[PDB]
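Peer 1: how would this look folded up:
(6 chains)
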6 protein chains.
Amino acid sequence: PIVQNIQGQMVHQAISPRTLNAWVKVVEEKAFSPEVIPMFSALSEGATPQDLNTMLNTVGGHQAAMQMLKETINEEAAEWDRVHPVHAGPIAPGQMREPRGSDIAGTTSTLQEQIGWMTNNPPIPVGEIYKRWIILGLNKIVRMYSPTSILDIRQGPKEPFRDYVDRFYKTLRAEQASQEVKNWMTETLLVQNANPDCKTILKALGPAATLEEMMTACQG
Amino acid sequence: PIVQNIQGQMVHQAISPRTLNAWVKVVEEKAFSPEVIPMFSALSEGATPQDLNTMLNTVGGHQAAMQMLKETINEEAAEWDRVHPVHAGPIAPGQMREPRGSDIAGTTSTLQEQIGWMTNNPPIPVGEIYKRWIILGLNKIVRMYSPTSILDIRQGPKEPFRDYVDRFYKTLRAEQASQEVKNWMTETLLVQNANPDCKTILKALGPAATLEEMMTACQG
Amino acid sequence: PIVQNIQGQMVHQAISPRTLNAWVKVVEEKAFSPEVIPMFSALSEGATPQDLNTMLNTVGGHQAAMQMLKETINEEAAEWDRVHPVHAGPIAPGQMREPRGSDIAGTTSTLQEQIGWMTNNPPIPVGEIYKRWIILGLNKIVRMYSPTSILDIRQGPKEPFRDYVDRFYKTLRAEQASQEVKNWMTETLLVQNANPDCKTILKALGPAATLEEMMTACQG
Amino acid sequence: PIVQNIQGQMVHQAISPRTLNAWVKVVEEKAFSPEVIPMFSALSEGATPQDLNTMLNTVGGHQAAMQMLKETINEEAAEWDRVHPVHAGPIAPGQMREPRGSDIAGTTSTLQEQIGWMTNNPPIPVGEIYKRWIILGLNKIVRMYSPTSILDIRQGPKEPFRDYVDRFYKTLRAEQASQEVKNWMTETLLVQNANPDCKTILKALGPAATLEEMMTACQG
Amino acid sequence: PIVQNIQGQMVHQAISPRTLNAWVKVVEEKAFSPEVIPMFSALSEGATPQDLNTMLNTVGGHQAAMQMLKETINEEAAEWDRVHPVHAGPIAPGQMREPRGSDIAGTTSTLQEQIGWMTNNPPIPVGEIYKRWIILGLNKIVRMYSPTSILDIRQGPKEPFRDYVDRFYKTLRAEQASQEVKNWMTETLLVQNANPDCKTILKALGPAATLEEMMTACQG
Amino acid sequence: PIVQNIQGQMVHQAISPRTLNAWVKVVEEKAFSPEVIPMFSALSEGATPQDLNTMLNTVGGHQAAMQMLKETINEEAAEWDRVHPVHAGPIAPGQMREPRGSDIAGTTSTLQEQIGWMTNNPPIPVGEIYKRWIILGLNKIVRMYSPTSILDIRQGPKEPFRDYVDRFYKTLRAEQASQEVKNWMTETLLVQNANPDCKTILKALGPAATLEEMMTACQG
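Peer 2: Residues are numbered from 1 along each chain as shown, chains lettered A, B, ... in the order given. Okay, here it is:
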């Protein structure tokens, strides 16, 4: 990737095998979860788009999500070339060409062009935009891979409350809902779809119950 | 994490993959125990708020504990903002603004802001404050995750005394309380739930004696 | 491979033992997956023909595939020698001789000659051409290694649509086709060889629908 | 710990997570062996007292040994405070204050104070004294862990001499005795509790013989 | 191994412990395979004769093969000394003496001698000659360790054709012979010991046909 | 240990935990073999005597060999202080004291004295002499650990020849015999203690048989 030396001038570095090996291993073990996105954002930090493309191509299995993220990249590139037209025809000497929809991903562009683009003054955050697009794609993927809806979460007659609320927060974290509606529903749907005795206990305790109080009361 | 080193201190390195991978593995194998608190304190010695956010987001499972930790951090940030109000009006040029209650959690701040706040003269230990917040959250988590109470610890007819006192001290360390009452409770509970042989041995020895003599008395 | 020292001259670094061991182990683990070609492409970034030959010869097993790729290498070298003439005479300083097919293959070349050919101005991409030939041979072998045909794979009565589309994309990646017509298969046959219920669902929704919405409709 | 950069000034480098991981793994697999104390001595080469505190706190289980070593640390700190008076007043530049037992332990001190104390002229070996106290506590713990006394081991009728002398030395490495008397012990108890036939063999050969010839004679 | 790099080339580094451990593991698990010669050629790329001796001394088991390798190396060194006699009389000042037959094996030489021999102008590649000796010895070892002869390889009624030709080519690579007979023996031995159906298929295809068509003919 | 920087000036470095863990694993898996002496010589190359002392003290089990190597170290130190008398009473300014029998091992000498001795001009190879003494001690240990004498090896009526000659060469390499007598007995004891039929077959070939002939003829 990209490393910073104590001198001040940075150079290009090839992709290390350890990072891609760890990525493949965590994809195999952790098939799909909300945690795969922060780990991907922290592992591919400061990397060329070719490195991210190779990481997305070396993963074995789950080709549906790969096609989904590829279509998302294509749509984002189309929107980019639609909203950013090429008004300047000629190119000034010493300046490189502007990254287009197919060049921002690295399909028809070599590594030297990406190096010259990211090392410009001022730099062009092509890698950052590509990482943001991949993060949006992974968000869409983990939203699609939700086992069930948040409304369909109902505690059974004998199922404990710990695993119930765990699955509730798990299926709520992967939902694409905003923070406001999530904070609004986490105070109502948690108590309305609980064990009847524990539900009545929590309702009689008061309308200002917190997490620890509910955990201590619902288990008694 | 931020690195203070020889000339060229203006550098920022992301979290190493090995560290976060080992953290995920140990929080997976060791789901929740008071051992994880010194581990987190050592793995995040002088780390950035974004690094701590990534470390808290990389752990998979146990969403209830994460929600409790988040709400404790929010409550403590609100308390800090209440006790440390922000000054109104224009800020002085060249003087960095004091970190707000929400800026400590890193939810509405950027990397350059915390970099300038940590490398200021004098430095502002916001990272240490957030680490203390996470430590308090983990304390509350390991206190609410206790399956058996400290009082219910009673040594059986065949359970060894060493394993009994080890379990007792582990349960005592799992709970957080003032040491001034801990000194009394350990003495009023250790010599009461032992085997009859060890009980009469410690009665013949003396209550005000040390612990090593009690360990070497009823051994074997 | 070839690396650049910090503020130094271009020097040649030896083969990576850890990378070679990782490759020889990942071969055994994933004996033949479609990702082995991107894996080799990422592990052989800027590698020398001698290192590539050693990495090919160090693999245990798959001797039939090794013989096939060697035959393809010989055919490519013969085609290169036929399309590019060979000249002889005195070797002037600063200019290298005309590389022959056996010189491109690296069987009758040496390390110093390879370094002189790859570090010339302009550089002769002998290693790049050899890597392209190797990945083309691997593509041929993985196309021959296709168990189920793209035109022979059909969704069963009890086979889930997720596994169906996964195997469909795997067979599409494993078969041979051009980039332009590649979309025609995944656009037509994917809906023409599916279950009748989801066929009617997609026909009622619209053929222009994307994979995400068509799968969310076929699941419901 | 403390390291010296090449042609640089003495700077304090952060702790290594792999060191703590190896430490916790070796204390988990090898719960309490005689060699774990040289292991700790080699892992804590030139480390700050905070590093040793974190390393001791990161250990999972065996809280009785932790309480015992904490009591020994408190006793050593009290003895140091009693033997070394404490003075107060203005702190002159270039000279540090009188370290107190609570400061030697590192429980009520910070990092910058320890750094200034260890990098002063002349250096105050606070970390060395703390490491000596910790290894003395570990010696006490490993002596308490010894199940069999030095005088309680005797060679059986069917037990070979190799395993006998191995267990004898393993028990001697965990007893409480000085080297001067340890020499006499390993000289006389080895022949006093041996096999009668090999006893007569060694008496005919001579007590001043080395262990090699004694073992070769007892085997034959 | 020798390190040819930027200014400061006068340096000799011992074999890395990780590479030696990997070699020990690949020798212990895979005692002898036709792919161990490329493994040795890659792990010992540009190494001093002392490093090669240390690698050959750390082998576990198979002492007869090591004795065969040693006697073959001695015979080849004697042949080299016979074909390259050493000049008598005083040596010229400043000119390094030519390596003798026994000096190549490193049995009567030191480290400084071989360092000066490999770093002379022009360099004397004695390490490459010793590596050739070692790989010839390994070829003799793997040819002697052949459990079943090449002629006795016959495909059963149920064994697949791909695995059959893989085993055939593996056994052919394990044996070292001239190139002008192998291409004839493979053609005169493969199309005779196949399945009756595959035999009729290849008889319907043609003897002078390629191998890929034979592989894709009787597949499945 | 001791590392060489690119600048030219070397500094002291603490013992890495990875090498110590590797040594412990080698000792645990392979208790004692004639091949571990080269492993120790290549792993502890250029290390301070304190590092070797810690490595010899961190080993778990087989304390007989540890006592043997300690006695050999003591005997070598006694011989050193006997053959090297201290004829110079006073010490010149700027010169360090001469290493005595107890100082050459590091019992009553700190690490700073060893660093000053090894970095002197000219350097005093204390570490090299200590490594040679440890190598001699390990040689004595592996000689004592020999299973039986070379004469006791006799091939049974049904025991194969491969394992027979393997054990023969193993106990020959583990034997303290010189190079001449080993080559003298390897031509006689191998043919005189074999299977009678294969013995007569090998004797009918002649007195100029090689190892490959002995292997290929005795198996027929």
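Peer 1: for chain A, which helix is longest?
Peer 2: Scanning chain A for the longest helix, with DSSP state H as the assignment, gives helix A:63-83.
Peer 1: So what touches that one?
Peer 2: For helix A:63-83, the external contacting residues (C-beta atoms under 8 Å, 6 or more residues apart in numbering or on different chains) are A:32, A:56, A:59, A:100-102, A:104-105, A:130, A:133-134, A:136-138, A:140-141, A:144-145, C:162, C:165-166, C:169-170, C:173, C:186, C:210-212, C:215. Any C-beta I mention is one placed from the backbone N, CA and C, and that applies to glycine too.
Peer 1: mind listing which of these are in helices?
Peer 2: Among those, the ones falling in helices (DSSP H) are A:56, A:130, A:133-134, A:136-138, A:140-141, A:144, C:162, C:165-166, C:169-170, C:173, C:186, C:211-212, C:215.
Peer 1: which secondary structure element contains the closest residue to chain E within chain A?
Peer 2: Proximity of chain A to chain E (C-beta to the nearest C-beta) peaks at residue A:18, 13.2 Å away. Under the criterion of DSSP states H and E, residue A:18 resides in helix A:17-29.
Peer 1: For the helix or strand just after that helix, name the packing helices and strands.
Peer 2: Heading C-terminal from helix A:17-29, the first helix or strand you meet, by DSSP H and E, is helix A:36-43. Contact here means 3 or more C-beta pairs under 8 Å, 6 or more residues apart in numbering or on different chains; DSSP states H and E; on that basis helix A:36-43 packs against helix A:17-29, helix A:126-144, helix B:17-29, helix B:49-58.
Peer 1: does any part of the last one sit near chain A?
Peer 2: If I follow you right, that is helix B:49-58. Yes: for a cut-off given as C-beta under 8 Å from any C-beta of the partner chain, helix B:49-58 has contacts with chain A, namely B:54, B:57, B:58.
Peer 1: and that helix, which residues are buried?
Peer 2: By neighbour count with 16 or more other C-beta atoms under 10 Å in any protein chain shown, helix B:49-58 contains the buried residues B:49, B:50, B:51, B:52, B:54, B:55, B:56, B:57, B:58.
Peer 1: For the first one, which residues are in contact?
Peer 2: Residues in contact with residue B:49, defined by C-beta under 8 Å, 6+ apart, are B:104, B:105, B:106, B:109, B:114, B:126, B:127, B:130.
Peer 1: Go again with 10 Å.
Peer 2: When contacts are counted by C-beta atoms under 10 Å, 6 or more residues apart in numbering or on different chains, residue B:49 is found next to B:99, B:103-107, B:109, B:111, B:113-114, B:117-118, B:126-127, B:129-131.
Peer 1: so what's the one residue in chain A that gets nearest to chain B up against?
Peer 2: Nearest to chain B in chain A, going by C-beta to the nearest C-beta, is residue A:169, at a distance of 3.6 Å. For residue A:169, the contacting residues are A:153, A:182, A:186, A:190, B:62, B:63, B:64, B:66, B:67, by C-beta under 10 Å, 6+ apart.
Peer 1: out of everything not next to it in sequence, what's closest to the residue of chain A closest to chain E?
Peer 2: Computed as C-beta to C-beta, 6 or more residues apart in numbering or on different chains, the closest residue to residue A:18 that is not its neighbour in sequence is residue B:17, at 7.0 Å.
Peer 1: circling back: Produce a ChimeraX select command limited to the buried residues of the ones in helices among the contacts of helix A:63-83.
Peer 2: The command below creates a ChimeraX selection of those among the ones in helices among the contacts of helix A:63-83 that count as buried (16+ other C-beta under 10 Å):
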select /A:56,130,133,134,137,138,140,141,144 /C:165,166,169,170,173,186,211,212,215
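Peer 1: circling back: tabulate the helices and strands packed on helix A:36-43 (TSV), appending distance to residue A:200.
Peer 2: Output for those, formatted as TSV (distance: least, C-beta to C-beta, whole Å):
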stretch	distance to residue A:200
helix A:17-29	42
helix A:126-144	34
helix B:17-29	35
helix B:49-58	34
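Peer 1: Residue D:13 is nearest to which of the ones you listed?
Peer 2: Judged by C-beta to C-beta, the one of the helices and strands packed on helix A:36-43 that comes nearest to residue D:13 is helix B:17-29, at 15.1 Å.
Peer 1: Contacts for that closest one, please.
Peer 2: With C-beta under 10 Å, 6+ apart as the contact definition, helix B:17-29 has outside contacts at A:16, A:18-19, A:21-23, A:25-26, A:29-30, A:35, A:38-39, A:42-43, B:1, B:14-16, B:35-36, B:39-40, B:43-44, B:47, B:51, B:54-55, B:58-62, D:16-18, D:20-21, D:24.
Peer 1: ok so, going back, mark which of the contacts of residue B:49 are part of strands, please.
Peer 2: For the contacts of residue B:49, not one is inside strands, with DSSP state E as the criterion.
Peer 1: secondary structure element for the residue in chain A sticking out farthest from the centre?
Peer 2: Distance from the C-alpha centroid of chain A, by C-alpha atoms, centre = their mean, peaks at residue A:204 (40.2 Å). In this assignment (DSSP H and E), residue A:204 forms part of helix A:196-205.
Peer 1: Could you list every helix and strand in contact with that helix?
Peer 2: helix A:189-192, helix A:211-218 (3 or more C-beta pairs under 10 Å, 6 or more residues apart in numbering or on different chains; DSSP states H and E).
Peer 1: Give me the contact status of the shortest one with chain B.
Peer 2: By that I understand helix A:189-192. No: legend: contact between helix A:189-192 and chain B by C-beta under 10 Å from any C-beta of the partner chain is lacking; minimum distance shown is 10.6 Å.
Peer 1: Residues contacting that helix from elsewhere in the structure, which ones?
Peer 2: The set of residues that contact helix A:189-192 without belonging to it, under C-beta under 10 Å, 6+ apart, is A:150-151, A:153-155, A:161, A:164-165, A:168-169, A:172, A:185, A:198-200, A:202-203, A:207, A:209, A:211, A:214, A:218.
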